[PDB]
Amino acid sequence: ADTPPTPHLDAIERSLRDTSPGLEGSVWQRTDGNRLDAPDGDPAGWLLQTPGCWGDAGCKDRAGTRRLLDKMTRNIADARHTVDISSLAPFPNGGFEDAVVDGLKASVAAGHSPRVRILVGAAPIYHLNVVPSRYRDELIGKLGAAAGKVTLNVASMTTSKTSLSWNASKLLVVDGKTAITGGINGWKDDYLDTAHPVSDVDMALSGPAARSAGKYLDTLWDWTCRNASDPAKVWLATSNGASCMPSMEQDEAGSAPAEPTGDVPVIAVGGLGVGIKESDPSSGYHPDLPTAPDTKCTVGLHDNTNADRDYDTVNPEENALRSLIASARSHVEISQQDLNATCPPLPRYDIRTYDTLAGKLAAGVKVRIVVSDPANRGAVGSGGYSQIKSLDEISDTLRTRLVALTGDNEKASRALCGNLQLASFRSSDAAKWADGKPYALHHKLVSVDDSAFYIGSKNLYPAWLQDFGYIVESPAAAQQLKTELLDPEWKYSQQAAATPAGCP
């Protein structure tokens, strides 16, 4: 009870408990006594950005990549009992795969027999080559004589075909004690073996919040083990005759409390997407849902982001992001692939998130939004690393939401023009990577007041997936985030700032 207050964490916790009280302890959880997992002589080494090659359009010194991969390997090498991987399909390949294999063999060479889960979400059409039994067989071959001691459960899953829901959480949890999470998929060709690497960020922690994340994953595997009765939803491959492990993380927690490793207070928050759980039946959540039609796109699907109270209650991650932004009293940095979705089949944007940002702009709070360059766009379903044709799609929508709010277009411009910084992502002085390709950005990052930040898998654009991430409140940690990532991103991305329509 010497601890500093957590104004931002307190406001997010309120929201989550109003929206989803019944999911506390499974799909969301606040904890004290976490540690941001950094090695010696590398104090911001808990922040796992890739490629981490600022100021060089040839990206020759990929210090972020190196650290990301050394930390995956080493977390796995330290396993006594359990390894729990979630990702977006394909299953991890190249160096992401080697981290897991080198890590498991090390654990076996230390004398352990680890249980391993690997879970991917699969979109109903690109799958993919995506095959659990082939992937498991590949790991078994790569694992050598170690395979005998490693218990694998390998699954690919789609929770709803019609509502476009599957796992996209990106988690590596070891012994319910350490967790690495964020936006990074195990896709070597996009992240590693390319001269135009995707820019992304994970974070690494240890502590009670690592257990919060395993609890989330047992939630996913309960559904997944049960729904292997339906091969249209789940493909599953186990090794060594082993049963499905719905309960791996509870089994490893057993009956003792998670011990603190540090002093960082953390909120873990995910969502159940569509087709796992209908609602939190214990929730009293009764919002006034938004109403503003979009002039560009009228979504055909039932709109779960903007017009479905039950979905909110099983997807606390949406409101956790909105209330993180709403808690900003001085400034917010948004670093995202996208704020707008591909409409149809999804709503183009989250009305409330956009309302939340327009409120901030009106109130004189500084809003910074950096997104992946529009030049990255496909290909309606590719899905390339942009879902807009120009940054005006974000500022025009801000304008539209500023007009709803205030009544006049001239007040709108003072708040938009005065308080918004909007740009495509760059990491050096050059407009694109040295090989000609544009920089692809895939962060799911929010920072508020250099005090509290989200790093996880949940995008700010509309998506109805199983996602997960962490919210940290710590001035020290957010100072490291500012210095190592956000300042540098603004340094180089300000070159590609948008002046909105209606501004000088």
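We number the residues from 1 along the sequence you see.
The stretch 297-305 shows the higher mean C-alpha B-factor when 368-376 is compared against 297-305 in the entry. Legend: mean Cα B-factor per stretch from the PDB entry, 454-462 versus 48-56; the higher mean is in 48-56. Note on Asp312, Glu97, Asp193, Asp137: the highest value goes to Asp193, judged by CA B factor as recorded.
Remark: of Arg322, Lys215, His112, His127, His127 shows the highest value [criterion: C-alpha B-factor in the PDB entry]. Among the modelled residues of the chain, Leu361 sits in the middle third by CA temperature factor in this PDB entry. Per the deposited record, the Cα B-factor of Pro475 falls in the middle third when ranked against the other modelled residues of its chain. Per the deposited record, the Cα B-factor of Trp187 falls in the lowest third when ranked against the other modelled residues of its chain.
When the modelled residues of the chain are ordered by their C-alpha B factor, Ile394 lands in the lowest third. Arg117 sits in the lowest third of its chain by CA B factor, as recorded in the PDB entry.
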